[PDB]
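Engineer: Protein chains in written order, with the entry's author numbering: chain C, 46 to 380; chain D, 46 to 380; chain E, 46 to 380; chain F, 46 to 380; chain A, 46 to 380; chain B, 46 to 380.
We put the CB at the ideal spot given by N, CA and C, even for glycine.
Dumping the structure here so I can ask a few things about it.
Protein chains: 6
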Amino acid sequence: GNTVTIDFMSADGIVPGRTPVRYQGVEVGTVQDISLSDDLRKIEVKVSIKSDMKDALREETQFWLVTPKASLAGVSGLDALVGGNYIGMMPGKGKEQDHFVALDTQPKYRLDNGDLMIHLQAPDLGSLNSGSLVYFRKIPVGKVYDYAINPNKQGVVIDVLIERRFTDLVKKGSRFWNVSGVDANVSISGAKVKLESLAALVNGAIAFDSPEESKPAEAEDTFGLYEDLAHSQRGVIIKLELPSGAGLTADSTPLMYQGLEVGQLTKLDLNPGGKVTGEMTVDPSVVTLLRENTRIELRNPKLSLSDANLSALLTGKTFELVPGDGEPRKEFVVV
Amino acid sequence: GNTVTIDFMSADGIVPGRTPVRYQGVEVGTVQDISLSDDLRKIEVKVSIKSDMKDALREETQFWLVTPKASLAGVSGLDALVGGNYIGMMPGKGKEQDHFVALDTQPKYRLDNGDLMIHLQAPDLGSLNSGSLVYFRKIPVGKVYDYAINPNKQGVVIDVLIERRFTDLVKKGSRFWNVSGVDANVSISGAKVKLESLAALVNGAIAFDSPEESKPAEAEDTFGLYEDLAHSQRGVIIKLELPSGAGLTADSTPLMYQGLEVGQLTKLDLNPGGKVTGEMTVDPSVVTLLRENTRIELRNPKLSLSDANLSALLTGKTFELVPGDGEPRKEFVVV
Amino acid sequence: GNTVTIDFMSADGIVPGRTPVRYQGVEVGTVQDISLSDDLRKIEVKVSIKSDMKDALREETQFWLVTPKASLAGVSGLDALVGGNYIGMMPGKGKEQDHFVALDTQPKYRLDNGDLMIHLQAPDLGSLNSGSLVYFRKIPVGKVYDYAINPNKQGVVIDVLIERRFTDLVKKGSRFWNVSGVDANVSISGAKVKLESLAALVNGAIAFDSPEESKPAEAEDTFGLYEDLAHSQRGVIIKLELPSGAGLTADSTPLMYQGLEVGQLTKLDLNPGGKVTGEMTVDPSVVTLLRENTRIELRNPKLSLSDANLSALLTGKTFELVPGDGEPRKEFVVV
Amino acid sequence: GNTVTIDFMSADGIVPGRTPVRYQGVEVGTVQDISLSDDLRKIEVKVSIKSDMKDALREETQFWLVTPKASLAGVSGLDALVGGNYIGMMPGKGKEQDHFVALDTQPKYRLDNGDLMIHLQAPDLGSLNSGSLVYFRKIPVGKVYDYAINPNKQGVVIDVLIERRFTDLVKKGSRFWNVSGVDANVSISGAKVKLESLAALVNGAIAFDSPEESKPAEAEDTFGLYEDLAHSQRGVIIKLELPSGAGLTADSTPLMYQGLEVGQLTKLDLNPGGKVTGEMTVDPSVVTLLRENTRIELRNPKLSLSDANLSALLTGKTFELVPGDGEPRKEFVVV
Amino acid sequence: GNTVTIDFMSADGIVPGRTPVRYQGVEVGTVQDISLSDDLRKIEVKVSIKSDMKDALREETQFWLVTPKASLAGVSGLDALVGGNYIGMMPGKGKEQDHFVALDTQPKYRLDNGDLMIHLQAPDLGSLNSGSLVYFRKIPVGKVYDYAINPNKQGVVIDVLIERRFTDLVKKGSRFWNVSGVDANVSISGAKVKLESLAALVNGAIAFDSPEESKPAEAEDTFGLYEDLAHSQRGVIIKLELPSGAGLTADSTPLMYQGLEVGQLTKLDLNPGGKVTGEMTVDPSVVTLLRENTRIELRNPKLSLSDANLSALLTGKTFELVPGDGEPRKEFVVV
Amino acid sequence: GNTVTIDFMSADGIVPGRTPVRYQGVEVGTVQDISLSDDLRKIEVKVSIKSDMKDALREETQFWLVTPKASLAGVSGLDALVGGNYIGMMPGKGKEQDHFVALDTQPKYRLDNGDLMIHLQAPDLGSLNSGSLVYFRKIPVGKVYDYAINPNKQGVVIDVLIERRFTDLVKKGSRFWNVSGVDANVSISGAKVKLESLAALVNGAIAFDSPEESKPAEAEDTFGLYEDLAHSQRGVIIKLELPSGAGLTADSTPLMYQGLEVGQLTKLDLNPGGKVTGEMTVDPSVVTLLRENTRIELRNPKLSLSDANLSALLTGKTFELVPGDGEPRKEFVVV
């Protein structure tokens, strides 16, 4: 039994009856008192901590309020069924101390038990919450640990925690993508809807791939987070100089070869001077064919009277590949 | 232990067993008695407050009944699972006082702990409730604190509270928009639905942008609240003098250039004299092109027999940009 | 401690353990006994009331059973989670009395604390329950208090209660309309669904407008309740003498002027003699144009080969306005 | 304290702790024991009843097990949240008796407190459960009390209970119809969905009309239960002798007059001899026009090149009325 | 108080505090101990049974673990709200015994209290669970008692239990069909969705018909279980020798007569030799017409220019009946 | 009463009040203490185990933390209603031991009580969780026991547990397929949706077939897991050498014979050299017809003016079978 005062901003969800001090999920302390200091809305919380932790307690010790995760019941309003709050701590070397300032948020992942801590760089957080789940072959092999805006305001850094035995799965050449929320598609000539898993709808998810021959990633290695499985397909970036973007779509325009979809127009820009230029990811089995005097030309959805097909008219503009021979080149001009 | 009488209008959710007086979330008092005074339906509530707050208690002290937020369980009818009521207080200098009049609503945000309090001006409240959430890069960085009708009855003022560390995000040139409720779209040549986040469906949300070079906003700075992300896009307002509004739509009519969508007709009016005039927000990369003898003329969805495209007929009227050279001008005449 | 006997029809939800007598939400009494009298299914309920209310208790005192509101959990069947019943009372001058007859329903709103009590006249109740909510700029400023059939059986009178500070909002020229339930629309050339707020789906809602210059309404002033926001638009009623109602729709037929929608056919009748006559609400900015030799003639959706537009064929018959000069007239003849 | 043995078939939901004997909702008795008699699965339940009811208890006393209503939580499987069972009784003159046989179901409505008990004759029960609700102007004015198959197996008799003050609403010429479940419609030239109320989806409902001048119904008067509001419209049955039923629909074929929908083909039969004959309900304002040499002839959806209307082709076959003069007749021949 | 040991496979949901031994729903025993025997995972459960049942307890006594029904809350994961387990018993003549082997499942229906036990033969279980409900005129008149695979593995036998008073409803010529799950239909010229009842969605249901003149079925009489109400329509099987199955559908091809749908192609096969043969159920009122030189020939959906009907083209191939005279025949040849 | 220390990684859901040690579902032990050892985040848990298990307790004893299954309430956030954790054990011969290391996951299925343990090889886990259900004729005859990635990272091995009496159902030639999640189909000429069972939506399911004459499988026999019932149809693989894949679809292209669907194009590849080759599963009744000079040629959806059928144009390319005579061959060339 001891007395430790922690200064908080808001006394919400802190009850002297049952609010534990869970260090590593272990009930170490118990909140005793909540008093107020009037200046800058200081909240003095008196907490009784056990004996050996008291001799472990030192000046650099981090306390922070922990609230349950953002859930469906929490946005529904069922405050009786979600759970309870606790406060967390991390002892540091420091000096002898009695008065502690609370932390605004969770401290950085310091501990080492073999779990892998890697960083993901997304343009926004998406449907991901802290505690959303990471899949490999739709098997949960980790979780989203934390997220924070980078110093440049452009991005969100989401750092995730792969479990110990699955660390061999993550490679240098792994690609991570986002599987969160529901997308319903209406497709021509019939429609079928199978988007994503049940847990990924409510909370969000991040799935990833493991390539065949790559060195295993380690120790806070960064990764780009793609927004879709189709955005994370491998292939070769091919620059195109388009005449106009009249019927061309950012991600819906295919590259046909022998009637089969080989590539996908992935980017479409209006460069100054009035020059529409785009670029296209092609499948690796076809990258042998891309050479000098290999032409890529766009086909109109022409009206066919002899073979009445609605699919050709519904798709629209369609890039056709005609192969050639010579040195491999990687940028073409469409006329 | 003390006796303080507070006069309320309706004695609902006030039980002498468990109704606390939460000052800054801190259980200070406890309701002791509810008696009625017959004139004007006065309700005398006797409340026992602690000792140091009693010597802090003074004449300008604001008490008000606090009810849980409007939730899905509250509109569902689960009154056993939502929570409980409390009353709130704010001590002021004043004089010695025993008899207090309750307040109809929450008092204005007085305290200063570094959190930013800014005002938003909307034409209506929308799906926003008090306690709905404010996002930056889909990261919750604040909350909607209060809302009130302005003295002119035209508007709703919604004042929100950005947290202390995220105050640097809000700038003078920031734009806020509304992300609340579900919109389902049926698009031509296929349909895909990804509107908004899960928490924003039930309660509502306000997202915002941070520009690159602007002075940081502070101390009750006002902002317009756009209703949509598309309504909050930057660009240049261009006045147009239209012949008629025959196939033109308020927000669905694009400005093509080189086959790419550059601008968007945003407003369409019938001025007296029978003169249809509208205006159009264009993208900044194109604002270099808008000059004298630069024409903006509308194209019909003409029926094409050689290239059978359904997209041209489904879109309809389409503003085409043809650039020219000279002094930049910002209002055009469509014929 | 006293003994008061109240005679009820059905002893449902009345338990001697916990059934309070909430006068103005204040727990005054407690049910002691339930016995039966056999004639006409009389139910004698013995109730112990406090001392000062006992000297306040007099012959004209109204007791009535109060049941929780119709909720989603009540129609779901969760009788454990909804709540509990109580009985209500209203003391009147009267005489000394011990035996009381219960009331079938809630008594009329007698008390005066500044809240406004106005009446709304609807053809049916709609999705409105007692306790549904009244909005101004989507801000809840009152509630539906009671509803009852008028002596003519044609109507429903719904009397609502605007709160004290918002009484200035309600004017003589205010229009109230109904925002309750979900409507999903499929629109041509794409579809978008944003109907109404979340709380209005489950329980129902009434929104209203406040005009600019009108005297403020007071003291049980009646109002018509429109069923839709489009039905509550201001404008001028214009009588039309139609040839036939061949492609004309009750509320879906527009009045074009300069290609813009100005008015809306609102009523379409077959008067005896075989004379189809209708009427049309026009926008006030156009009411200057309606004059002698101003013609209103209907346009067919003619098939256009030069400009292929599906919108013209999908809309159908379309009233066109051609303006003229002279004395203003308000009834026209369509040929 | 007494001992009364009641023989049941299945001892389900009968606990000696809390199972009351609710006579008219009043807790009269309490289950004491459950023992089994082996022959024909007899279940002897010992029940302690109060003193005055014991001297009231006589040989013709009906006991029956009461189970909560069929709810959403009961089909969901939430057996902890629905409620509890009780048994019911009705004392009759009889003789002194100790041993009672339970009843399979609820006894017939015997009591008289002014509530109206009328019978409805439907071809099947529909979505109606016992305890579903009866509406007038969408105001709940009664409930479905019981249902039973008539001695001819063709029908279901549903007997309902209108409350005391609303007995004046029910007339001899009242029509009752069914408002239960959800119907979603896809309409041409746009689609809008507003079917029914929220409580009617889960449990079902019966709405009814009150005519202007009719004698008020009383004392177990029968009524047909229509399945739809459109099936309950008043009008005149008109027999038609059709050539064939080639494009004619059972309820979707209208009778036009002056371009307005006047009547509705309601029945379509193939009489032996190969004679397709149908019948049609017409609106009363038109019944003046139906006379000798008044012809009713069907129009094809002919393809119109000058006025391109999709509505005419989407509707199909359409009965046209051409009026004449002479004696009124009520059966016509279509050629 | 006694000691009875029962050997179970898995000790799940068996708690020594509250697990009763419900014989015929009557709490007879209470679980005292759970110990393990190591060989073949034997679980010795000690149970204290009452005195008279102990003298009733004999060697052929069947004990089996009973788990709550498969519910929505059980698949949702709400294990706190579903309920509790019990074990069941059936005493048999036998000998004196102390050690009992548990049963894997429920024993066969032995008892006779007038309830009817009939068998249904389905190709699969469908959405039916044990405890799903059986309807007549949408009135619940029984329940699904048990289900088991027959010795030939082709089928599922589902044996159901009609209640005592409704035994007269079930006849020899009754047909049972399946009403379980939700089917949503998109119909041409408009769409309307009313499939099935609310309880049948979650758990499943079996409805049935009662013919007019048939001997009442009894004592484990078998019945085929049709999968749909349309599959259970009466009529005459008519064999057809088709040219090809080019536009013919298994259940969507109608037999027209006088423009009315009379029959339905119900089966379509490719017999060896390359001979497409099918068969068709026709309505009984038409079976008088089927004779020698009565032809059944298929009509193409020919394009009609004079009468523009989309319904003819949307339906497709259509069997037409042309009647003749002579001896009745029941197999035809389509050319 | 004893003392056993178990070292865990994270002390979550381990409370000294109620956390049992369920060996084979039997409450053997109870958690006494949670202390921390600082190095590598060791968590010492003291557990009191019963006497006979203590003399059974030996060095190879496996302890592991067990968490409830992934449920809808667990992803919803209802942590109060899901359940509680326990730890599991398996005694092994070993030596005397006091200090135990916890296991990361469930140990392999060691015990033998007649239940069948077979392995399934899928490319990903799908919607299957541990504890999802296995169906035969939609009858639950087992469950998914465990899942783990194979040493090659390509696959997921899911090992399932068929119950004792249903072991005869599983054969060598059985095929298992996946019935998990909801698929909604929009079909031409009308749409109907009946995908899968209610329990399979939330948690997932695996159904399987039992062939007629096969030896019964046993003792960890592997099986491929098909993703669909259509992917698991028997038939003969037929290699095709296609000209191009212009209108051909991976699984939507049928093989017609006599107007009936016989086979299905199942695979479509672009082999290097620019050679599109595919393969097709045909029905066994037709495999007699596949011979030398039997041609398989693709038909265009040609526009038919005499017989206006939308189905032919909506389907598209269609493989036609024309049979011949000679030796049976299994690979064809399409021109």
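Mapping DSSP to helix, strand and coil, what is residue 333 of chain E?
Structural biologist: Residue 333 of chain E falls in the coil class under three-state DSSP.
Engineer: Using the beta-carbon count (16 or more within 10 Å), is residue 309 of chain F buried or exposed?
Structural biologist: Looking at its Cβ environment, which holds 16 or more other Cβ atoms inside 10 Å, residue 309 of chain F is buried.
Engineer: Between the alpha carbons of residue 313 of chain E and residue 355 of chain D, how many angstroms are there, rounded?
Structural biologist: If I take the Cα positions, the gap works out to 36 Å.
Engineer: Using only CA atoms, which one of D:82, D:365 and D:339 lies nearest to residue 298 of chain D?
Structural biologist: Closest option to residue 298 of chain D, Cα to Cα, is D:365.
Engineer: So what does residue 164 of chain D bridge to, in DSSP terms?
Structural biologist: Per DSSP, D:204 and D:267.
Engineer: Where do the ends of the beta strand (DSSP E) carrying residue 90 of chain D lie?
Structural biologist: Unbroken beta strand (DSSP E) run through residue 90 of chain D: 87–94.
Engineer: Answer with buried or exposed for residue 346 of chain C, where buried requires no fewer than 16 other C-beta atoms within 10 angstroms of its C-beta.
Structural biologist: When all chains shown are included, residue 346 of chain C counts as buried.
Engineer: What does residue 132 of chain F touch in chain E if you count any residue whose Cβ is under 8 Å from its own?
Structural biologist: Those within 8 Å of residue 132 of chain F in chain E number zero; the least Cβ separation is about 16 Å.
Engineer: Count the other CB atoms, across all protein chains shown, that sit within 10 Å of the CB of residue 209 of chain F; report buried if there are 16 or more and exposed otherwise.
Structural biologist: Counting Cβ neighbours within 10 Å, residue 209 of chain F comes out exposed, since fewer than 16 surround it.
Engineer: Please list the partners that residue 226 of chain A has in chain B, where partner means a Cβ-to-Cβ separation under 7 Å.
Structural biologist: 239, listed in chain order.
Engineer: Keeping to the same chain, check which residues put their C-beta closer than 6 Å to that of residue 78 of chain E; ignore five residues upstream and five downstream.
Structural biologist: Cβ within range, chain order: 91.
Engineer: Any Cβ of chain C within less than 8 Å of the Cβ of residue 192 of chain B?
Structural biologist: At least one chain C Cβ lies under 8 Å of residue 192 of chain B.
Engineer: Please check if any C-beta of chain F sits within less than 8 Å of the C-beta of residue 51 of chain E.
Structural biologist: Chain F, which has no Cβ nearer than 8 Å to the Cβ of residue 51 of chain E, makes this no.
Engineer: Using only the alpha-carbon positions, how far apart do residue 88 of chain E and residue 159 of chain A sit?
Structural biologist: Between residue 88 of chain E and residue 159 of chain A, the C-alpha separation is close to 40 Å.
Engineer: Which residues does DSSP list as the beta-bridge partners of residue 144 of chain B?
Structural biologist: Note: residue 144 of chain B sits in a beta bridge opposite B:50.
Engineer: Spatial neighbours of residue 190 of chain B within its chain, please: CB distance less than 8 Å, with the 5 preceding and 5 following residues excluded, ordered by chain position.
Structural biologist: These residues qualify, in order along the chain: 154, 162, 175, 204, 205 and 206.
Engineer: Please confirm whether residue 357 of chain D and residue 348 of chain C have their CB atoms less than 8 Å apart.
Structural biologist: No, they are not a contact pair.
Engineer: If you drop the 5 nearest sequence neighbours on each side, which residues of the same chain put their C-beta closer than 7 Å to that of residue 47 of chain D?
Structural biologist: These residues qualify, in order along the chain: 93, 94 and 99.
Engineer: Going by DSSP, what residue range makes up the alpha helix (DSSP H) through residue 384 of chain B?
Structural biologist: Lying before the first or after the last residue shown, residue 384 of chain B is absent from chain B, which here runs from 46 to 380.
Engineer: Check whether the Cβ atoms of residue 259 of chain B and residue 222 of chain B sit closer than 8 Å, and answer yes or no.
Structural biologist: No, these two residues do not count as a Cβ contact at 8 Å.
Engineer: Quick test of your reading: residue 270 of chain C and residue 165 of chain C, contact by CB under 8 Å. State the CB separation rounded to the nearest angstrom.
Structural biologist: Going by Cβ atoms, the distance from residue 270 of chain C to residue 165 of chain C rounds to 4 Å, so yes, they are a contact pair.
Engineer: Keeping to the same chain, check which residues put their C-beta closer than 8 Å to that of residue 255 of chain F; ignore five residues upstream and five downstream.
Structural biologist: Closer than 8 Å at Cβ, skipping near neighbours: 181, 214, 215, 216 and 219.
Engineer: Going along chain C, which residues have a C-beta under 7 Å from residue 289 of chain B?
Structural biologist: Those are 303 and 304, listed as they occur along chain C.
Engineer: Residue 119 of chain F CB to nearest chain E CB: under 8 Å?
Structural biologist: With 8 Å as the cut-off, residue 119 of chain F counts as an interface residue toward chain E.
Engineer: Mind checking if residue 358 of chain B is an interface residue toward chain C, Cβ cutoff 8 Å exclusive?
Structural biologist: Yes - at least one Cβ of chain C is within 8 Å of the one on residue 358 of chain B.
Engineer: Does the Cβ of residue 71 of chain A have 16 or more other Cβ atoms within 10 Å, making it buried, or fewer, making it exposed?
Structural biologist: So residue 71 of chain A ends up on the buried side.
Engineer: Using beta carbons (cut-off 8 Å, strictly below), is residue 182 of chain F in contact with chain E?
Structural biologist: Closer than 8 Å to some Cβ of chain E, the Cβ of residue 182 of chain F qualifies, so yes.
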